[PDB]
Structures are given as C-alpha cells and as structure tokens.
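Order as written gives the chain letters A, B, C, D, E, F, G, H, I and J; numbering starts at 1 within each chain.
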Amino acid sequence: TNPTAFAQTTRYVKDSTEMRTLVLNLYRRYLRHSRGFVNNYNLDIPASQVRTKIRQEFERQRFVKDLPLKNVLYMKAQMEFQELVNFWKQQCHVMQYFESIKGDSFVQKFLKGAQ
Amino acid sequence: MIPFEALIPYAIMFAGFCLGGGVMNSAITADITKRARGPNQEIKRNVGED
Amino acid sequence: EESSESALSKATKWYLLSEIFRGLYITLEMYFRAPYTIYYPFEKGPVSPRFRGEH
Amino acid sequence: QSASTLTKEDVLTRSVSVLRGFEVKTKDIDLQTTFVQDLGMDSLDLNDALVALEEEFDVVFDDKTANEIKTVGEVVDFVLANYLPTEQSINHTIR
Amino acid sequence: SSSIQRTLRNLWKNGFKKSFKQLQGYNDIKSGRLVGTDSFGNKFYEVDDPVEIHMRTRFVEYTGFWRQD
Amino acid sequence: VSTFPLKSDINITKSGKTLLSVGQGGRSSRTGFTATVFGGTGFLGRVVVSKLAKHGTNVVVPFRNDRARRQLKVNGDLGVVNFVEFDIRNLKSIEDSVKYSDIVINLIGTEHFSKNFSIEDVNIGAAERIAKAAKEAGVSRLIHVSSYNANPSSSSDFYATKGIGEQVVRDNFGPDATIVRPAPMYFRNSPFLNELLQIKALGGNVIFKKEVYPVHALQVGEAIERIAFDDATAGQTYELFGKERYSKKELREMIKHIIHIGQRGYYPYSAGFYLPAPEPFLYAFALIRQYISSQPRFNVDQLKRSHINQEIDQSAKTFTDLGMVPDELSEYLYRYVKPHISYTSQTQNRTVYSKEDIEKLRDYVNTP
Amino acid sequence: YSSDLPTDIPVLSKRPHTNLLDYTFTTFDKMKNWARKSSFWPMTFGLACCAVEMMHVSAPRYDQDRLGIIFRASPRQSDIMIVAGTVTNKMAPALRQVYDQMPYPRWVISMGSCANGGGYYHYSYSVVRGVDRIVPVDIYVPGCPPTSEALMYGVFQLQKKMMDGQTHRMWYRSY
Amino acid sequence: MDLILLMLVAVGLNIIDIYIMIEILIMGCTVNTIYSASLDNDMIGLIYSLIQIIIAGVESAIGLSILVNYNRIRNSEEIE
Amino acid sequence: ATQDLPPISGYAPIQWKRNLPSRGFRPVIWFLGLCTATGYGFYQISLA
Amino acid sequence: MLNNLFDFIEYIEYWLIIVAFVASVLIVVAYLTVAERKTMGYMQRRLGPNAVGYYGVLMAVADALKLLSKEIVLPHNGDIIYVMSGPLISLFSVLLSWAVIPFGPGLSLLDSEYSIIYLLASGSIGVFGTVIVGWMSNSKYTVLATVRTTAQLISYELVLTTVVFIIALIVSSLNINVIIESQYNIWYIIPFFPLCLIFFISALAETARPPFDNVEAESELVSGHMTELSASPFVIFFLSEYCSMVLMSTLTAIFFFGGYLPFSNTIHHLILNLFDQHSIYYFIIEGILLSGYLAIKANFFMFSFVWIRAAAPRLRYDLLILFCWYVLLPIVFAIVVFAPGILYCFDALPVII
C-alpha cells in the first residue's frame, strides 16, 4: 500500500531543537497553503485573515515546555494539515472554524440565572 | 402460463405501427387517385354516374 | 495441444455464443412461470404470533 | 520564454517593499540588513516575511535554507539563483 | 396465476360492477367466497382457485372506490 | 442569535401572565413564550421564525402555502413550531392563530395587487383585522412591520397603505402596539438584491436610480427578537436602516464587477445587462403584465416609487435605541452575491472581496 | 384607500367548487398530482439495516415497480428522499447537500427509529437524534426496521397527501 | 474586408483552432469542386471532390497524432 | 409431542449437488447448419 | 363553407399524414418503456407497472407528465443552451432517421437512391449530441461518461456501417425500399445469419444498451451523462434513446427479415381477397397488414433488447473496443470480400430493377 497525499510517518522526536525546526517548517506550510484553503473551501475572508488565524493557533502553544506534549501537539497539527489540504473536511466545518468569536457582571448573570 | 398482462404493451406497440401504415397507405393512395381524375376540382371530388 | 475439443468445436461455441443463448433460454423460461408478487394492501404477507409491532 | 528576467536591483527593490509593509523597526533596508537585529522579527514574524517574499517572487524556500537565513541579501541571492518562470500550456508558446 | 383464462373466469363470477372496482384499486380481477365483514364495512374473501399462489388466498374489498387505506 | 435571548428567567407579560424559562438556551430549552408570526413563510418570516424557535419560543405559523411551511419545522424542537391553515378573508382561522400567543408579529404585506387581494386589503385590511383579533385574545405585545417610507399622504399606493396601516394598528390594538420600519433588506434570496442580481432588468435607467439605506435582514430579524422580549419597546416606532446610503445604480454596477460580467467588453451589452426604455413604455409594459402575466412582475406602483428616495423619519428610534450596531453592506455584499459569481469554482484563484475592497470598488464604479 | 374584507370564506383545503374555473384548476391540479403520485421516484439513500427492507420492497414479492416506483441514483431524477438508516454527524452535511440538489417538488420520508429520533443510538456522541434536525420530513415510518409493508403503507400515505395538493387552485383562490 | 486579413481574427488562439481553420479552408475547395461539377454535369469533378474529402481526412488524422504526442511529451514525468 | 422433531423415519434426501446438464447439438452440427444455410441463401440470391 | 371546408382538408391533408406518422412512432416508443418493465418483471418473477392506468397502460404518460412538471436545474435561466442543446441534437437525429423507414411500398416520407447513407449519416449526429453534455462541465460523472461514449462510438461505427454496406452490396442499391423488396424469395437472415448477430451487437453498442451500457452505468457513473439532467432535458434524452431502440429493432427487421413483406404469401392473399380493391377499405387493411408484418418483426427485436438486458451482465468498454476491432472487424471485412466473389463465380452480380 501507499500513504495518502501529504502524509508524514509518525516519529517520536527526542530533541527539543529538532522539534522546534519541525514546528517552524509546518507553520510555513500552513501559510503557503492559506490561499488554497480559501479556494477549495470558498471562504468569505481573504487569505490574509486565514494566515492570521493560523498564527493565533501556533501562538497558543508557544510556551509548552514538556517534550511529550510537543510530539502529540505536533502529530495532531500534522493530521489537521493533511485533512485541510486534501479537502477531506466538508466546507461547513471550515466555515464554522472562522465563526469562533465582553463577559457580563455578577448581577447581569444573577438576573438571567448565571452559568 | 402465458402472461397476458405483459403482452398488452406489445399489442399497443403493434397497433402503433398499424396506425401509421393504415393511414399512410390509404391517405396517400386516395389523394393520388383523386388528383388523377381530371384537371379541375369538380371532376376530382364529384363522381359521375356513367 | 492438450485440449479435448477441436479448433472448430471451440470456435463454433465462441462465434455462435453457445452459453449466451442458453442463458437467454433460461431467462425466457421464467417468463412463463407464476410471479411471486402479492397485491398489498389488498393482500398481506404471513405473520406469526411472536411478531413485534405497535405497543 | 522559459528563462529568468531578474536583476539584483529589481529583486532587492521588490524585497524591500514587501518588507516595508510589515511592522519592522526601520524602513532602511539593504542587503546587509539582518532580520532579527535590524528589523526585529521573532520566530513567527520571520516566517510570515519568508512566505510573503515567496508569494511576491513565486519561489519556495527550501526548509534547510529558510531555517538558516539571516540577512536580506541572502534572500535576494536565493531568488536570483532559483527563480524559474512557470511552464505554460502547449498553446501559449507556439501560436 | 397470470393467465387470461383465470382473469376471464373471475370476471364472469364477479360481474361487471364488482370487477370494475377491482380494475380500479386492486389492479387484478379476483373472485372468492365471502368470509365476513368488519365493523368498518370491509368485505373479506377467501379463494378456492387451485391456480392461486401461496400468499394470495385471502384478500379484502375496501369500502371506497378511489382510495384504500 | 446569542446563547440566551432573555435578560432573566422570569418575564411577566403585560397581560398578567408570568412566564418562566428553562434550560441554557439550546434547542431543548424553552423561554415560556408563545408567539404568532403572520407571514412566517415569507422572506423575513423564515428569519424571524428561525430565531424564535432556536431558543425554544413556541411559534404559531399561519400558512396559506402548504409546501413553503415545511422548512420552518426544522428550526425548533418537537412541539415548538405549530401550523394553522388560514386566510385573511377567514376570521375563525385568524383567531385560532392568536388564541394562545403572548406575542403577535405581523409580517403580512405586499407591494403588488392581484385578482383576489388589492394593496388596501393586505396592507390595511389584514393588519387591522389581525390587530383587533389579537386584542380580543389578550395578546400582551403586538409588532407590526411597515415599510421605510410609510406615509398616509403619499403618492405611492404602497407607501400610502403602509402609512395608513401604521395608524389602524394603533387605533385597534391600542397605543402599546410596536411598529417597525425596515429599510430594503439584503440577505440570501433577498427581494432587494434579487432585482439587482438579475441580468435582463428592463428599464434600469429609470428603476435603478432610487437611493436607499439598505439594512441586513439578520439584524432586522434580530431587532424584532429584541423588541418582543423587551416590554420597554411597546408603543414605539423603529426605523431600521443602514448607516450608508446607496443608489441602486451604484450597487448594480458594483455587483457587475463581482460577478465579473465585465470580463468581456462585449458580453454585458450583448446579454441584456443594460435595457434602457422610455418611461411610457415602462408604464405600458408594467400595466399590461398586470392583467396578462400570472406572476408578480414589476408593476406600475413600483415604477412610481423608483423616483421617491428613502426618507428617514427623525422622530423614530434606531438600532442604537435597541443597543445594537447596524451592519455594513460592504462587509456582507460579497458573500450574498457570491452564489452568482460565474466561474469561481477554484478555477485559478477566488477574488474574495473584503470589506475594504468593496469600498474601493464603489469609488471605481462612481469614477466616469 | 378604503377596504372591505370578507370574514367567512373557508380555507383552501375546505373550500368547495363554486364556478367553472374552480373545476378547471382542480382538474389541472389533479392531473399533475396523479402523475407525481404515479411516477414515485425515490433516491437511493440506504444507510443501514433499514435499507435491507427498502431493497425487499423492490423484491418480487412486493415489487414496488408495479406501482410506478423506480429508484434513481442521481438527486436530479428523484423527487422522494427515503432516509433508511442512521444519520451520523460525519454524514449530516452530505445528506443535506444531497437533499438540496433535488429539484422541486421534493418530499422526504423518514424510515426507522434511527432516522426518526436516533433509536438505539440516541445517546451516541456521533449520531443525529432524528433526520428532521437537518431536512424537512413529510412522513415518519416506525419500526426497527419497518417491514416492507410498513414502508409501503408510509408511501401510500404520502401518495394520499400528494393527491390532495391544490397548487394551481391555490394560485386562483389564495393569491 | 478580406484584403485586410479579417480571417486572422476569426481563428482561435489554440493550436487545435488552427487545425479547424485548415479543415474549413480545404472544405471550401471541395464545395467549389462540387458546385462546378454539378453545373457541368461532369462526374470527373465529383470524383475529384471525393478524393479531396478522403485526403483531407488523412492529414487531419496525421496532424492530430502529432498534437497528441506533443501533449504527451509535456506530461512525461508520469511517476504514477 | 411438545417440541418440533424430525419424523421417526427422517426426511427424504434433497438435491444439493450441481445440476446443469449440457443441452443442444454438437458444435459440428451447428457449424454445418450455418454453412448449409449460407449455401442455400446465396443460391436464392443468385437466382434472384 | 362546404367547398372551402372540404378543400382546406386537402390543403392540410399531408400535415395530418405527418402528424399521424409522428403519433404512431411516439406510441411505440412510449409503450416500449412500459413493455420493457413488464418483460423484465415476469422474467424476474415480478409484475412490472400495472397500477398506473388500467393494467399499467398510463405508466408512460405518467412518467412524461411528471418529468414535464419538474423544475429544470441549471445555474441561470439563460443557461438553457448548455443542457438543452445536447438533448435536442440527439432527439432530432433519431427522429430524422425515421424519414426513410417505409411502412409499406413507397410509404416513406423520404425516398431516394441514397436512403442507406442518410440513415447512417443521420444517426452519427446523435452521437455528437450526447457528448455535448460534458461541455467543460464540473460534474466528474458527466465527464467520465463523455469519454466512454467516444470509446463506444469508435467500436461500433465501423462494424455497423460495414454490415449495412454488405447488405447494400448484395442488392447493389442504397435505397432502403429496394433492399426490402429484394427479400421476396429469401430473407437475408438465412444467407447472412452471422451479420444479423453482428448488426444486433452493434445496435446494442450504438444505443448504449446492456451488455454495452457502459455510458449510463448506474453502478459506476450514477447516471452517466444524465447525472445532472432533470425534468425536460432528461425526458428528451430518454425519449431519444428509446426511439433509437425502436429504430434499430426496425432496421434489424428490414435488413434481415424482409421488412414489411408477409410471413405467408398464401395467408396475405386470403385476407386481402375479402375486400374490394375498388374501395378505400382495401388499402386501409393492406396498410395495417404490411405494417403489422413490420410491427411483428420489430416487436420481437424490441423484445430482444429487453431480453438481453435481463440475461447478460455488463461488459467493460475497453473489452468492447478489443472485441469490435479484433473480432468483428476482421469477420465483416472477410464477408465484404466473400460475397462479391460468390456472386461473380455464379454470374449473379446484382442490378437495380
């Protein structure tokens, strides 16, 4: 058998320096394919907004220290990339991904039953 | 056991051909014979007794 | 060279579609048998006392 | 046809404009201008610039080069040596 | 069970009025012995015809002429 | 939208009922309210009914078209959406719709007339009848949606009947009736944008010169939701319009570039994009199709309204009185004309017009 | 700009025929309703064990083809959508897209407990609790699975509702 | 209009569009042969017309194969 | 008596082995008839 | 009135003759769709349509009326040119091919010495109209079906054309009526039994009928070129495909079973001797009789179209290409040399008379 397009073999990285390079390479691939994401998924936003969204997700995991968490985060980030480029995700899922987003006071929540 | 219900559409298809042939053979032959009777309408349509 | 049929025997079954014509004949036999269809809702398929339906 | 028409002055000029649209410390960009020191780009800003410079020149930096790039002049050198016009259909050339 | 002899035989037994009703809802002209009639008015019949197939020995006549529920 | 459209879990209606809410606001939740949306199968009713049913408000949708109402049931959970076969010439059916509702929303209104109903029957006769039937049934809140240029003394038979309908709603239901005056509404399958997106628009040199303040249909549907669930909005008139003023000539030309019909220098002129005609011909053709065509075409009264521009009543309340910011057509124009773009289909690269790009295109359109 | 509206005119489904045009558009409606009921072309959308019973309706014992029922592969040639099987979250967008591509008039039949409300898999993380959360449903056929006769009865109910359509008399008397 | 070479605008911008022009141009010669042969009641002209049609179809196939192989050369990697 | 059981003598044996016996003439005969028909056909065409 | 009314019928008479000709062909095509399901149903031990009209006689009417009452799917109202031009070319091609079919001696709308060429030329246009549906279309199943239509056309076109040319060579004429009348003493089924099989095999491939239904393979390409077609564009293509089945069945009866010639000359004379030839009723009966002979033979081959569909599985089109080019073409080109050699040996080269 052969792997699908844009598939990477799973490997457990044991070097933080080597892990950092692999993350930066993948981050570039997300930016390069940003215009492809707008084309395939027929998004209503420019590719510039897509690249901004990509950076935010990479900035969330900027300060993760543990190496085992880095590998699982990296592996899951590769799977998502292979999913987007190959057009396996349905267009509704990608549209809702950009649909994501001031908290009320104590009394405001108290009046409506709070959470 | 001959299924007569299955043979009904073939009977209508058979009558489809017979409709075309029955009309074409008679309508065309009559018109050719009618127009061969004479040089005007009073001879083509009317039939003399003699 | 180790076949049991002559060249003309195998070519006659081949060119004249021997087994294809047999399959047509088997199909034509079914044309003269009683069909299985029942006329729902005027007729109902068999049911058993163990049947599970509306509560 | 299938050959580059790039000069060192044009590639530098187009590189400076694409780098000017970012949030850099200084707008005075030359070949010796470093990304980390002079312009002040962290890990993510640098790769945003590289992809931006990719789209401008229709080139793709290799992973080995991109991780090790320091100066603006290195980018201009890379574009001049690696740029190729994209292949056209069988009708664009002969017709 | 699909022959025209069976249909003409059943057509003669039922009469035109009953057979035309079967020609409108049943799609098949059929005859049988009256077995009963329920409280809604349906008439239930059983067939002694030797050429009837297994699951077709019992059938209903509905009260309506255009729709049967 | 939001996650819970209420400021509290208890709401006492002005009719005296106390309605409690259960759940966090999903499909399985309830708000305790029963609402009746007249004209729910229409363009705006589908927006309004969807917003009410998604949060658990029981919606009674009186219908005359059996096929058009089927898609409304998907909006709410089991038992939330209810249908009543009705006619404005039938009084028993109208009472049955409002018999249990605490809120009645009236979206019934036409710009045309037909063999069975005139503009006076619908924009006045129906509105008056529904308001009175609502009052006899003890409905706490009535919401009536007129047009943007409602005026009892207007030259347009649509603007006049809409203006009179505002008066009769208050004269029957009382001073507490709420009135909404939406501007031309843009959305998917929007009647406002549909005529601009049509190719063979005859007599556009006259029809498309009207200026308006178009407003997002989702906000108009959102505003009505705010009004029904806030009793401080009773007896008030709301003018719901966008901040920017557009003329249909500008939008018609802006749309042309987004649809890329101008990619060919000949095709728009050959395909009938421009169909100039003298106004008397536009009058005769509109008059003729009023007694020959069976489908509502551009009628005589819409020809008159093409000259009248939208006038904002300054004494009425706006979106800011409801604590909402109006949307901008520049930020929504592309995605609603996106279905009509010819080739698209990831051919080479989509031209996604951002909010900034739409305004840049508007200047280019206005440049001679 | 005065008006005067009648008060006791019955609804369309209960309005009798008064003049000649009431009979003319009723005849126009009946012929079109007769054809659509007669040419009942469902779309092949068998998802799970409820599809086996749908295949047995086409089997010689029941032979839906004798009623004019033909299964079409493409949504363009179909006017009935029979949801026979569990609708999962991974399948729901595909199901909605397939439904949206049917030209009107279109009807939807929901067959079996999975499509009706989730059934055995109601409390599953990957199951839609009823196909009527995604598409409008005209009739619900119960059972796990519904028998072939139970499905045929559901079709007969839909054909009965289709024969009551008054689309062209609606234009005459309601518009 | 002919002397300013208006026909150069009517020919499409693909190599296959040049092939169609050649077929149309040759077909003009055959129509002229058929027209003259019929007026003269001469079967030698119609024999000529038949020869032109067969020969014109031969070069259409030979030219197509060259264009077919030309496109194959571009799609030569064929790593699949 | 209270359970479904096979008869004391058991059930008669059934047929389960393949039963598709060959039918028709030998291929030589079919070829000869084809040549016989072709020869007679062209004889009538020749006469006409 | 009177005289003006009577000779106005004479002014419109031939149009009614054409309307009756069109009506007769459409009745067979409409009820072939019913007959196929009835024939397949009983072979499959079901009934087939018997609930739409009395015993199922209105099933064809319901299918057309329901499809004619459906919305047409297209991106825009002005995009009718895309998915309507193809169906019309296919329908006009097969309908024009019926102009040369004689229901009796001289009863063809078009009679000419090149009726055979017109028949082959007209049907070749229908092949073009089918491929137009995949006009740079974004539907991959329509695109995949267009490729297979061309592959099948290359397969059958040479064999079907050459077979008809051998029949025309035996009579030395390209007039269809002359070919029918040349079969008085012998039906070409006996001298050319191999060619009748090859003609029918070619007809199955031309009409995209199973076992050569690789174009509209439901299990492979959902609906083939019809996957995007709904309402009127679907009826026209469906109507033209079943018109082609009737045409090729009637051509099988013409080229090999004597066309309209009677099965029994003795019985044909017995039936016609009851009617006076000086009365118009003789020519009605003769027209019914001769067309009945053609109808009976064509009904059997329309039955055979349904019969082969219910017995044989589908064959891949790449195997169809090898079958037509390696097997059928060498055999047919052998007979095109065989037949003139036999006739010359016995001094029986054909002439037109």
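Please note the rule applied: a contact is a pair of C-beta atoms (placed from the backbone, for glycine too) under 8 Å apart; a residue touches a chain by one contact, two chains touch by 3 or more.
**Q** Touching subunit A and subunit J alike: which chains?
**A** Common neighbours, subunit A/subunit J: F, G.
**Q** Spell out the chains that contact subunit B while also contacting subunit D.
**A** Of all the chains present, none is in contact with both subunit B and subunit D.
**Q** Using each chain's Cα centroid, which is most distant from the centroid of subunit C?
**A** For subunit C, the chain whose C-alpha mean is farthest off is D.
**Q** Given the contact rule stated at the top, which pair of chains has the most C-beta pairs in contact?
**A** So the chains sharing the most C-beta contacts are B-J.
**Q** Of the chains shown, whose Cα mean is nearest the mean of all protein Cα atoms?
**A** Nearest to the common C-alpha centre lies chain G.
**Q** Based on the averaged CA atom positions, which chain is farthest from subunit I?
**A** If we average the C-alpha coordinates per chain, D ends up farthest from subunit I.
**Q** Indicate the whole-number Å distance between the mean C-alpha point of subunit D and the mean C-alpha point of subunit F.
**A** Between these chains, centre-to-centre, one finds 51 Å.
**Q** Please compute the C-alpha centroid of subunit B, do the same for subunit C, then give the distance between them in whole Å.
**A** 44
**Q** From the C-alpha centre of subunit A to that of subunit G, how far is it in Å?
**A** 42
**Q** Counting only Cα atoms for the centres, state how far subunit H is from subunit J in Å.
**A** Inter-chain centre distance comes to 33 Å.
**Q** Of all residues in subunit I, which are in touch with two or more distinct other chains?
**A** Correct list: 34.
**Q** Identify all positions of subunit E at which a residue touches two or more other chains, and write them in rising order.
**A** As it turns out, subunit E has residues touching two or more other chains at 1-2, 27-28, 55, 69.
**Q** At least two other chains touched by the same residue of subunit C: list those residues.
**A** Residues 31, 33-38, 41, 44-45 of subunit C touch two or more partner chains.
**Q** If we use the touch criterion from the header, which chain pairs count as touching?
**A** According to the stated criterion, the contacting chain pairs are A-D, A-F, A-G, B-C, B-E, B-J, C-E, C-G, C-I, C-J, D-H, E-G, E-J, F-G, F-J, G-J, I-J.
**Q** Which of the residues in subunit J end up touching subunit B in this complex?
**A** It comes out as residues 3, 6-7, 10, 13-14, 16-17, 20-21, 23-25, 27-28, 31-32, 34-35, 38-39, 41-42, 47-48, 50, 55-57, 103-104, 106-107, 260, 280, 283-288, 290-292, 294-296, 298-299, 302-303.
**Q** Subunit J touches which residues of subunit B in the complex?
**A** Going by the criterion above, the answer is residues 3, 5-6, 8-10, 12-31, 41, 45.
**Q** In the complex, go through subunit C and note every residue touching subunit I.
**A** Where subunit C meets subunit I, its residues are 5, 8-10, 12-13, 16, 18, 22.
**Q** For the complex, give me every residue of subunit F touching subunit A.
**A** 4, 6-9, 21, 24, 334-335, 338, 344, 346, 349-350, 352, 354
**Q** Provide the residue numbers of subunit C that touch subunit J in the complex, in ascending order.
**A** 15, 17, 20, 23-24, 26-28, 30-31, 33, 35-37
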